[PDB]
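Participant: Below is the sequence, then the experimental coordinates.
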Amino acid sequence: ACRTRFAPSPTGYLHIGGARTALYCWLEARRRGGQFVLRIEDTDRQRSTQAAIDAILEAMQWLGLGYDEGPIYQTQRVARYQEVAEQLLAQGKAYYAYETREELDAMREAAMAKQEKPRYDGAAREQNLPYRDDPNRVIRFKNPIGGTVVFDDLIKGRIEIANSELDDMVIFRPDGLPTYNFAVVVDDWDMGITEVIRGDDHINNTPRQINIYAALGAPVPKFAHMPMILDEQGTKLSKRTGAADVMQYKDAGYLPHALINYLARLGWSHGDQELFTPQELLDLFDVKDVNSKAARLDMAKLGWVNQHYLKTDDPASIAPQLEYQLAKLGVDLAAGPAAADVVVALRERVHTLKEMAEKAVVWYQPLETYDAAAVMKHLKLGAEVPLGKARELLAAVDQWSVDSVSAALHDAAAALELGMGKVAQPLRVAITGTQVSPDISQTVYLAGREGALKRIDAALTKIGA
């Protein structure tokens, strides 16, 4: 079948470019009814703390990228790395060497001076049955002496690299742990990986890994190497530079799919199409078709597509995510409007769900403060009269609703031979305390029957004083 993986080197969280890598590995698998696995490099026993790897698991969780297998931990496979090196040894396809760090520097110094790229000359390739003390003990892989290794990278095409300028790499360390390159091969092979989608730093490594597959007698995966993402200014985006954490987009209150749409479009396209559903991406995405030049961030673009989905999605889909942003502010939700009803009111006025909750709190708690400017729209007494009328009729039929309040409010503005301009203006100050809110029916409605009536009286008893 198709087997992809996402194997991140645990930092504090899931970096946005990791998210994209994971997205593509996830689509490639799902698309063909394949399996998508997740590995975790927890060999440091620091860095990878449970909070650090939960920040990854929860990041993937929120985005919707689920894995058929794992998370499968590098610590669980220490002795598996150990045994495959020993197998490689017994088969004469890897050797030990014992050069000191001082000795190795001498070779980097002797190599760079000739204008040749530093290698480890095969000084121990045919000999010692070493072992023991000498903490410089390293197991090195016998990389083929001559020729080339070549692979059809699905993105970058034919890459051919010569076996000269690929040295006999260390594959197993003195601390009982594999070198990076060996492990990814041991991992990919043991996990049946068929398509290895990764950033283009590792393109130089691929040939080494290929030669290790070959010695192992293992199927070589297809490789897909992509230009990693650029900073909004232009710098390359990375963990050392102050990178965008994906979870900061949950808290900023962008919709999850809005982001995977946003991500997908960095470095991939389908002619003129900018908005894909979860299906449109399964059906149309190909990892072949990712653009050979690096895509750049555009938080402006993100803002738009987030609004499109705010506007266009089912408000019930958005309801629980608003309840995330609302709950953050200390709100007792059970005593307020439905989140979905708020969505409908605010979705065309706000760019993020955090903007929305900030603007919706007025509905969800009492009306403690009034903007002084806006109360000088009670100024007249003749504010008492429209509010009193609003109040009378806002005792509307047991169907309390946007529509139900509109008619009531339409019927109050007439009883006074006034524009709805005049009934609504102070009524906005009564239930909001400010001159700004959605259309009055929406806002009168979001307070609830009880809440409006309380709020109106509260304004009325203030005006009578």
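Facilitator: Good, I have the coordinates. Numbering: from 1, shown residues only.

Participant: going forward, measure contacts and count neighbours with C-alpha atoms only.
Facilitator: Noted.

Participant: Which segments of this protein make up each domain?
Facilitator: 1-70+180-230, 71-179, 231-313, 314-364, 365-465 (curated CATH domains).

Participant: With mean neighbour count as extra columns, can I get the ones you listed in a markdown table?
Facilitator: A markdown table is the format used below for the domains of the chain (neighbours: other Cα atoms under 10 Å):
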| stretch | mean neighbour count |
| --- | --- |
| domain 1-70+180-230 | 19 |
| domain 71-179 | 16 |
| domain 231-313 | 16 |
| domain 314-364 | 18 |
| domain 365-465 | 18 |
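
Participant: surely residue 432 meets residue 367?
Facilitator: Yes - with contact defined as Cα atoms under 8 Å, residue 432 counts as touching residue 367 (7.2 Å).

Participant: Once you drop chain neighbours, what's closest to residue 170?
Facilitator: Distances taken as Cα to Cα, 6 or more residues apart in numbering put residue 140 closest to residue 170, at 4.2 Å, once the chain neighbours are dropped.

Participant: you'd agree the one you found is in a strand?
Facilitator: Yes - counting by DSSP: H, G, I helix; E, B strand; the rest coil, residue 140 is located in a strand.

Participant: Contacts only, for it.
Facilitator: 94-97, 168-172 (Cα atoms under 8 Å, 6 or more residues apart in numbering).

Participant: What residues are bridge-paired with it?
Facilitator: Counting by DSSP bridges, residue 140 forms beta bridges with residue 95, residue 170.

Participant: mind checking how far it is from residue 86?
Facilitator: 11 Å (Cα to Cα, to the nearest Å).

Participant: what are the phi and psi angles of the residue most central in space within the chain?
Facilitator: Centroid-nearest residue in the chain: residue 246, 3.7 Å away (criterion: Cα atoms, centre = their mean). The phi/psi pair for residue 246 (degrees, to the nearest 10) reads phi -70, psi -40.

Participant: now swap in the one 10 residues further on and tell me
Facilitator: Dihedral angles phi and psi of residue 256 (degrees, to the nearest 10) take the values phi -60, psi -50.

Participant: next one: residue 304
Facilitator: The phi/psi pair for residue 304 (degrees, to the nearest 10) is phi -70, psi -60.

Participant: just residue 197 next, same as before
Facilitator: Per degrees, to the nearest 10, the backbone of residue 197 is at phi -90, psi 120.

Participant: sec struct for the closest residue to it other than its chain neighbours, please.
Facilitator: The shortest distance from residue 197 to any non-neighbouring residue, by Cα to Cα, 6+ apart, is to residue 224 (4.7 Å). Following three-state DSSP, residue 224 is assigned to strand.

Participant: do the same with residue 397
Facilitator: Applying three-state DSSP: residue 397 is coil.

Participant: quick one, what contacts it?
Facilitator: Residue 397 touches residue 404, counting by Cα under 8 Å, 6+ apart.

Participant: My guess is residue 337 contacts residue 444. True?
Facilitator: No - counting by Cα under 8 Å, residue 337 stays clear of residue 444, with 11.3 Å between them.

Participant: circling back to that earlier point, for residue 214, see how far away the residue nearest to residue 170 is.
Facilitator: Residue 140 is 15 Å from residue 214, by Cα to Cα.

Participant: again with residue 378
Facilitator: The value you get for residue 378 to residue 214, if Cα to Cα is used, is 84 Å.

Participant: is it true that residue 70 lies in a strand?
Facilitator: Yes - counting by three-state DSSP, residue 70 is part of a strand.

Participant: Helices of the stretch 351-465 of the chain, residue ranges please.
Facilitator: Counting by DSSP state H, counting those that start in this stretch, one finds helices in the stretch 351-465 of the chain at the ranges 353-364, 372-375, 384-394, 404-415, 420-432, 440-446, 448-463.

Participant: Does anything pack onto the second one? Which helices or strands?
Facilitator: Spelled out, it's helix 372-375. helix 420-432 (3 or more Cα pairs under 8 Å, 6 or more residues apart in numbering; DSSP states H and E).

Participant: residues making contact with the helix it packs on?
Facilitator: Under Cα under 8 Å, 6+ apart, the answer for helix 420-432 is 362, 367, 370, 374-375, 377-378, 383, 386-387, 390, 409-410, 412-413, 434-437, 440, 443-444, 447, 451-452, 455-456, 458-459.

Participant: Repeat that for stretch 13-24.
Facilitator: 5-6, 8, 52-53, 55-56, 59-60, 65, 197-199, 228-229, 237-239, 243-247, 260, 263-264, 287.

Participant: and the residues you listed, which of them are in helices?
Facilitator: Of these, the ones assigned to helices by DSSP state H are 52-53, 55-56, 59-60, 246-247, 260, 263-264.

Participant: Now residue 323, what are its backbone angles?
Facilitator: phi -60, psi -30.

Participant: How about residue 165?
Facilitator: Dihedral angles (degrees, to the nearest 10) for residue 165: phi 70, psi 10.

Participant: and the gap between it and residue 452?
Facilitator: For residue 165, the distance to residue 452 - Cα to Cα - is 78 Å.

Participant: same thing with residue 189?
Facilitator: For residue 189 relative to residue 452 (Cα to Cα), the value is 66 Å.

Participant: cool, residue 10 as well?
Facilitator: 51 Å.

Participant: Not counting its neighbours along the chain, what's nearest residue 360?
Facilitator: residue 342 (7.1 Å).

Participant: element containing that neighbour?
Facilitator: helix 339-346 (DSSP states H and E).

Participant: With only the CA atoms kept, save that helix in CSV.
Facilitator: Extracted in CSV, the C-alpha atoms of helix 339-346 (Å, rounded to 0.1, in the frame of the first residue of the first chain):
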residue,chain,number,x,y,z
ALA,A,339,-22.5,30.1,20.5
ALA,A,340,-24.0,29.4,17.0
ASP,A,341,-26.5,32.3,17.4
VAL,A,342,-23.5,34.6,18.2
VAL,A,343,-21.6,33.2,15.2
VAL,A,344,-24.4,34.3,12.9
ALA,A,345,-24.5,37.8,14.4
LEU,A,346,-20.7,38.5,14.4
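
Participant: For that helix, name the packing helices and strands.
Facilitator: Helices and strands touching helix 339-346, by 3+ Cα pairs under 8 Å, 6+ apart, are helix 315-328, helix 353-364, helix 440-446.

Participant: got the end-to-end distance for stretch 412-427?
Facilitator: 12 Å.

Participant: ugh, wrong one, stretch 66-85
Facilitator: 32 Å.

Participant: starting at the chain centroid, how far to it?
Facilitator: 25 Å (Cα atoms, centre = their mean, to the nearest Å).

Participant: Kindly report the same for stretch 142-150.
Facilitator: 39 Å.

Participant: neighbouring contacts of that stretch?
Facilitator: By Cα under 8 Å, 6+ apart, stretch 142-150 touches 93-95, 125, 158-164, 166-169, 207-208, 210-212.
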